[PDB]
């Protein structure tokens, strides 16, 4: 009771400072959310005049003269109406249709099954005072559309990423396909080459035996936080790979990479930052390892001409 009754007074002032510190932070935040709510009383807007040249997909478009990377209109098949897409016409000979793109966290990626089915986000934006949209936005083309494209014929997949120090690596896949909804958009890939680490087919580098194998994405089904189709078998509604606000991906048990994860600014992040203390976030372990969100990440496809 000598100094003990001194340790107590120390906590009654320490705890007191924190609790009153936090209560004020709560106030600052409540304020920030109200301003943003006011900014949402109106939307952002784009003026994307549509290019004339068009076709089944970006490869055909570039073969018709479309040589500038921007938003184009494409009709992969005469059944469904034509849709907007972003064409990368410079990266490795061009002709790439962008199916996924992350670059600034302007778009929520933690969505339910239906939005991942139809697609969401912004395809393109207006560039330095111009009538056309030459810069891509953040978007996920949509499972249905991606499946239809990869099945039209041999499709190759190019995955690009950048960290917060400007470093860039890439993952190539000469063969890539995605079945339809009835088959849970099951994914299959092959013929790897790159500098990012074949995380899709071999699972995370820093893992051994079954611990690594369970991080293989190839052959996995697609799951959203409201639709479990992962490699985790159990009745434990807690062990699932995709929790709320988590992205939709070809999760297994659980991942080596997740291009559709939350966009953490700065890169590194801790367990006491993650809503569920799980490794959600633009991850690609085989390069930057676990708990590190990329600054830029994209997925592009192109017909594969042997």
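What we label the rigid core is the largest C-alpha set whose atoms superpose within 1.5 Å from one form to the other. Positions refer to the first chain, counted from 1.
RMS Cα deviation from the shown model in 4 other deposited structures of this protein, rigid core fit, is larger for 232-240 than for the other stretch of the pair 136-144 / 232-240. Of the two segments 245-253 and 29-37, the one whose CA positions lie farther from the displayed form in 4 other deposited structures of this protein, once all are superposed on the rigid core, is 245-253. Look at the mean CA B-factor for 105-113 and for 230-238 in the entry; the higher one is 230-238. Checked against the record, the higher mean CA B factor of 94-102 and 194-202 lies with 194-202.
Residues shown: 214, 87, 159, 220. Highest C-alpha temperature factor in the entry: 214. Of all the options 79, 118, 147, 155, the entry's greatest CA B-factor is assigned to 79. Split the chain's modelled residues into thirds by C-alpha temperature factor. Residue 271 is in the highest one. When the modelled residues of the chain are ordered by their C-alpha B factor, residue 143 lands in the lowest third. Among all modelled residues in this chain, the alpha-carbon of residue 225 has a temperature factor (C-alpha) in the middle third. Sort the modelled residues of the chain by CA B factor and residue 48 lands in the middle third. In the deposited entry, the Cα temperature factor of residue 179 places it in the lowest third of its chain's modelled residues.
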